[PDB]
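First the structure, in the form of structure tokens, and then the observations on it.
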Amino acid sequence: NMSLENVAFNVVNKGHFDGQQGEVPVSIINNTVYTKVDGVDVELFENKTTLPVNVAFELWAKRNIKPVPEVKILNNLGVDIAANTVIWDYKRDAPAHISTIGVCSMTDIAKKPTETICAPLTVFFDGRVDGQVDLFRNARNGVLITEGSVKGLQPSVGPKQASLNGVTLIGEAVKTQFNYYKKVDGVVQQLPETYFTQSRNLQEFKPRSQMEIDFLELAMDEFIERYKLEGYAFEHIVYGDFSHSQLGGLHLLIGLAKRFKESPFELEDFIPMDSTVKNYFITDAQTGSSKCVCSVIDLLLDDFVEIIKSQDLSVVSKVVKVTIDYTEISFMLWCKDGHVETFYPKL
Amino acid sequence: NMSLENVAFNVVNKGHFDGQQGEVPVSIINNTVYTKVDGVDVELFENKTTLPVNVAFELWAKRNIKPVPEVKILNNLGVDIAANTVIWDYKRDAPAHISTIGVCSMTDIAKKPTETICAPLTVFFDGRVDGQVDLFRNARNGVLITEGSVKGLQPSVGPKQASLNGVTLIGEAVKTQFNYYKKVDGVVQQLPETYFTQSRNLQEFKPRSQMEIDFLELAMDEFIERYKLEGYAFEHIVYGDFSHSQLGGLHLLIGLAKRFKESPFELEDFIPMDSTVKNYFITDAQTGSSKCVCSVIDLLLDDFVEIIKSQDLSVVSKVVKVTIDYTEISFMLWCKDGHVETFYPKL
Amino acid sequence: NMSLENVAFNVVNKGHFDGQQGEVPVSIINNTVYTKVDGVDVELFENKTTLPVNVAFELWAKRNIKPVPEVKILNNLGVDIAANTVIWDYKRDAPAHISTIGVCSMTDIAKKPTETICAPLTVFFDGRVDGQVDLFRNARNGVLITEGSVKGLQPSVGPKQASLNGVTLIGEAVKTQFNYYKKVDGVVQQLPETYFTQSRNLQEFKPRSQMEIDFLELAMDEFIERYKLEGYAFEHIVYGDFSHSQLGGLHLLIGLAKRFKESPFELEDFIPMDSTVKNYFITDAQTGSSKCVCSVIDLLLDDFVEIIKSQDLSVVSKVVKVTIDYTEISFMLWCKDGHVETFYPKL
Amino acid sequence: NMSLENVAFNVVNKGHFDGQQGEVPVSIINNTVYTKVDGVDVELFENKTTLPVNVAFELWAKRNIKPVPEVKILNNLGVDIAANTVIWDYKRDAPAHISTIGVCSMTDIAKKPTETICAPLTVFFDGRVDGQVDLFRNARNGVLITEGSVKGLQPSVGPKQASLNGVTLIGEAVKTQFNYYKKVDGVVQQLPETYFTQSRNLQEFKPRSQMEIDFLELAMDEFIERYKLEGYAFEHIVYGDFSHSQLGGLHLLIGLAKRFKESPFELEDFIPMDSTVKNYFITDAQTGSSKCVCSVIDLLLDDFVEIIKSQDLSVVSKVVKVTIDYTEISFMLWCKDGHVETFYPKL
Amino acid sequence: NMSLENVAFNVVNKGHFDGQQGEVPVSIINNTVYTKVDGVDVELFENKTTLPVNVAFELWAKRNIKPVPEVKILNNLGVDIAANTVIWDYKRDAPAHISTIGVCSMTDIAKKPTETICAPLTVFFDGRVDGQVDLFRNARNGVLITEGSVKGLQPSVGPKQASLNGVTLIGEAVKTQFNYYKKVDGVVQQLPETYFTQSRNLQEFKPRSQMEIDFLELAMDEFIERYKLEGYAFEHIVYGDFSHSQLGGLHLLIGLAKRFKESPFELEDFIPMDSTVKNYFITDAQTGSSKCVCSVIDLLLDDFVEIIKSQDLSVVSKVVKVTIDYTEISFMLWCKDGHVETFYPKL
């Protein structure tokens, strides 16, 4: 089933593709879809993807509008494709996956995940949709989310937050914390113990523990004393050092949030996509201190403190692996004389 | 009279087309107009319309820069075309009307509104321009605005606000409240009694009555008690219900403004144009409550209260017609046992 | 169920729009329409019009595939729009008319030509389609073609040739010669007595009378003697003068055909459209003689001879008007001492 | 050191990608690749594909420049992708296959065809390249061409002709006739006995047997008598019937070649791709006879005669299947009273 | 009053820019310039340059329409820019030079060539325009053409042919042979003695001496005997060797012309520009012999014979430099035992 004009009718009348019958007049010009409303053209969609404009329009209209896992989580779990839905990537304004199953005649590689062409792909299955748990049970490769127990399968508890129409949130009127399951070549995997990033943003950062409240409210020296952090280089790593040409440290989102509340700065997101670790070209407006590649992660401060306090500090430099968002993140740890000098993630 | 380079000279030197002689060097690339300033190119206009870039540039330069009726009002009155001006639609970044009269050689269907080709079109006439009241008196079909009395014609008092270079405002240094007149097939119409929407926006919403002040400052239960609104379902319709998966009610702009001051949310304007009723795909960031098509109108709260208190509540569901911005808006009214359950506009 | 994908299905399976049910997947990119065949994209349509790509595609697919008048004839008769068909202009690769009636939801101004919007427009009606003669009688402005008499209407016999899928031809298996009728402001208009151009082209030129045969085969001065053309300046007007830097004469297509056979030249068609008189920037490859604006008409040589011999040769210069293809073509006639100096379509 | 500028260096200096070191400056604009030569831009490549301009440029530069199977043959054998080369499709001006193996970092799905991702795809292998026979034996799905025997493998002799830089030819200084082999699901598949189309074109048509010579030179009824073809409806099927508005028959390329020599006609190639049977919208310029979907195949006339004379003429209508270019082509055969009425590729 | 609309008026009414007053309505879309004629858009110009569409349109309209040197000559003489004219390059569909002097406000670097910015550039001056000889004498770097002597300046007689509106020709009604002069760093430079290429093309090739007539008409071994060319490898160099997979020799255009008459082949012009020596990827359709880089020059056969017979045949290999079109062309000469093996433009 295909029809540009019917996709546009659904967008106009239902806000997204909803399977309704109808058609509206459509114009395509300069990667933009328009529809005619009382004699004039109104823009419905501007294509920012590398797909043809009318195809991208249809996949966007058919996006999943329930809370879904953030794209960084699906990527870290190796998801290739989704069963009978589109995960829209709002960080890239594009489909999270290249191909589809049972969504769109231009992009489908299959109608159902049970077709042979899907067996080697890691298919994303959504236990909230009837039949999909059983499709996972029969799939060779897959990732399954559920809201509850699955008989015979041990769950991994996922992050508290999920994405709902591009808004990352911890649901109160809707469930956003899923159980996760994964199969590789027919065999159910044990997913690793993992930390999770918190997916917050600078502008409306909110503390999620008493330590984070204290970090935002106390002066640096008072906080470090109260939590006994002498010798872990929080002054550099978390608070940031703005005294030299190259900006020192500043690798934890909460420290950017604290600075940003007193003093604005520029973050150039030069690889704009969803990932567990983000790299920014940062320029501090007050001092002129700057750094071309400043890796930034949003861990709960208590989690970051546990990680850094769980390392051996006896060697000048080494790689530290930390499971975060189900993937192995490498950190560089630099020490001198038994104390930390710096500790920072790599992307 | 036509000249791309002369249009650009006026934009550069006068801020808009002002009839001055002169030329500057112009480049056209990728729907953008540039001019050369001391050896480098500077962007003057990016075309967002479905017209050719150089044509859209000229119509934008020739836009009316006095306060003019909002486009939703002209549309509701059936205006097809403007006499010797361009009403620029800043919600669509495009001309409000497809064709012109005496503006642009590529888009003109006539030089003067008296030409035969204009007789069946509803032409917009502006009494602030010499001769246009008399052109209206002789036109078969038209809408006329004035700042004052017209001899022999009974006026309809329009909204307080108008649009000045895309800023909607109630003029204090300039007049924005017009008298309105309309002719159909040579016959002066009696325009209907109408409410008017208030054209406010979320970010800088300002109350315009003591009831609206009270609504913003009081708690829900205190407000409802003080204005005796028990049984009219304001809890649902106006304040919004964020307790379930689907966001309940929230159909009045002032209730979105109250929520927005305490708690942010996402409004997807998926049909971006000026209209009396707007539809948004809304996602509440705090709760995750959401709704694909949430119709929203900005009526003065006192007006909305008068409307809902003027309905018969004895039937499960029915259509209620309300004249707003000169057009008949349909509302669905749902009642149970003599009280309101919900009441919401349709677009 | 009209749609882009259904238009494409018809083009792929029927060669044009044929009202058949079905859909194929379509990609829109680079002002081009593709469809997927065995997993790869195949081009169906490259938009050369000023319409949106998907709209132009639909009008092209819905083009009239029966013999229709050449566009130059419809233009000369003042046709603005066609009733329930598309006349495709193969000289411009675009619709002959900007709007439609009952064809396409993006370009329609009406569904039927009886709607009031169509009254000021000259609508083209095709008596080969049921009901269109009656619609012509009810239309305020229009042009009608038929294959036979219409009771009470005075006919004009049209050209022998018509256009079929872009091929101009004199039909043997189909009828290409029509009666023409026209109405202005509600009143049937007498069409003038007229010559018709022959619509031949340079490389496929075939003579159509004994005189044209003799012209192609005889030497210049033999032809002029045999047809008693001394003093009518055929050496200049028809054969052309290549002796000076500016090319002299050469205004009849058959004269270009004679030269071309012997010696090639370049014709720059700098306003590419169908027209009774064409203007070319001509450069002769053998001599270097050239002319920026060389007007060329393809009359039967017998007709041109009749035209020029009917002229009063006693004045130095005068404008001579000849009805050709239903339009008045102005010629300049320059004489001296009772003989022709030159005679050319006036520019 | 693969790069855009190095691809362009190779095109400029070697005519195609040849693995040479070096770079030239490149400009990308308007879906076109330019390079700077003596201070001005010179066009190297105009992208007509649905791939990004710089990607399509690289695949075109890396096209196989030896004789390769025509695309219609590879399509009919189910080829999905090629091992370490690009088969350029000169009928579509685009790669024959969407993905690559070991060619281009933007389109590669693998570096070697032994990778697991390639197992479900039918990979084209070229025995003229070292190692590719062994890769075919290890591939689950594939098509192999060679110039000689492969031990133990049962060959199919392919067409005489192949494509060299877009020129279809029967090689004299190079070998163009290959053995073909195919594997499905790990098992070598017997290729069917098959006719081959001749890949000739209308204007350069040359006969290839005594019968085709006689067909081009004799009058219709002489040819039919000499080759005893009475009752096989060659008048309709091969010579074509131009007497009615719908063009009758004309399904063999040699019959079009005979007509074209005498009288020109228009062939609209409305699905432009390489195919065993082609469909055209044909308009005869002399008569006006036309047909929207005229299927045309270029068989050696001797083969077509053998095919139609082998048919049972005792049923009113039946579907006749003939293997041509390794694919099953369905023909409709219509008979009456023991003679052929018509016989055409089924649509 | 220069403007886009005035340039378009001149193109429509005069065939090119002619300084006339007037305007027409213009639409810019898809790198194309349209104008409105009887209510529909007609294409005037498709931009194939790397300049903005409206700028390229103006330079094309302002092209020199008198005979001018071929671009290959101006390039070989080092011309950077022209004084107060545009040399249009019809091989690239683009201006021959990037900047202008006194032509176009977007591309001008100066209004007059006497301005200081022009001193380092080699400016082309045209003695047929009043004042330009004097400007050449005042210019630091320049190239001058005239139709006659300039007092005290030592002339170089140029090629017989010139380009007129893109047609290369030897003028009979106009003069195409010029005197050439050149200045470097303020000093008049002696131009070298030189051959000239003939600028013929493959399909319109006409011989220009008795030897070229004999070459086209005689069999290979007769020609070689009659002109005493044994031991000079004309079999290879001129006639070409099609017996091996790599095509041998074939470096003279007349030899391609002889082959083409008998048997067609494909020439891929993979660097499309005007050049004294052209390189083609050639594929012979009859044999399959091909060559990726086949250098081709169009010398009069008599000149090439004189060149190769003047060579010392006693060394195995050597670089031979010949001045052609004022530039030094390197040839490789390979000999063995006192006879030529091959002789070709060095790559």
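Just so you know, the numbers here start at 1 and follow the chain as drawn.
So this one's X-ray crystallography, 1.9 Å, going by the header.
Placement of Cβ uses the backbone N, Cα and C atoms for every residue, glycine included.
What Swiss-Prot says about this protein:
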- A:3-63: domain 'Nsp15 N-terminal oligomerization' (DOMAIN)
- A:64-189: domain 'AV-Nsp11N/CoV-Nsp15M' (DOMAIN)
- A:206-345: domain 'NendoU' (DOMAIN)
- A:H236: active site, proton donor (ACT_SITE)
- A:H251: active site, proton acceptor (ACT_SITE)
- A:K291: active site, for uridylate-specific endoribonuclease nsp15 activity (ACT_SITE)
- A:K291, A:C292, A:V293, A:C294, A:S295, A:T342, A:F343, A:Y344, A:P345, A:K346: uracil binding site (BINDING)
- A:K291: site 'Transition state stabilizer' (SITE)
- A:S295: site 'Uracil recognition site' (SITE)
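What Swiss-Prot annotates, mapped onto the structure for a quick look.
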{"residue": "A:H236", "record": "active site, proton donor", "Cβ contacts under 8 Å, 6 or more apart": "A:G248, A:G249, A:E341, A:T342"}
{"residue": "A:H251", "record": "active site, proton acceptor", "Cβ contacts under 8 Å, 6 or more apart": "A:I237, A:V238, A:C294, A:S295, A:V296, A:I297, A:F343, A:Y344, A:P345"}
{"residue": "A:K291", "record": "active site, for uridylate-specific endoribonuclease nsp15 activity", "Cβ contacts under 8 Å, 6 or more apart": "A:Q246, A:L247, A:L250, A:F281, A:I282"}
{"residue": "A:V293", "record": "uracil binding site", "Cβ contacts under 8 Å, 6 or more apart": "A:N279, A:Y280, A:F281"}
Three-state secondary structure, which DSSP defines for A:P345 (uracil binding site): strand
For A:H251 (active site, proton acceptor), the three-state class that DSSP assigns: coil
Within the domain 'Nsp15 N-terminal oligomerization' (A:3-63), residues counted as helix, strand or coil by DSSP: 20 helix, 18 strand, 23 coil
A:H236, A:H251, A:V293, A:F343, A:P345: the recorded positions whose Cβ falls under 8 Å from a chain E Cβ: none
Greatest C-beta neighbour count within 10 angstroms, which of the binding-site residues A:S295, A:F343, A:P345: A:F343
Distance in Å spanning the most remote Cα pair of A:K291, A:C292, A:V293, A:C294, A:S295, A:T342, A:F343, A:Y344, A:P345, A:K346, given for uracil: 17
Number of helical, extended and coil residues in the domain 'AV-Nsp11N/CoV-Nsp15M' (A:64-189), per DSSP: 16 helix, 41 strand, 69 coil
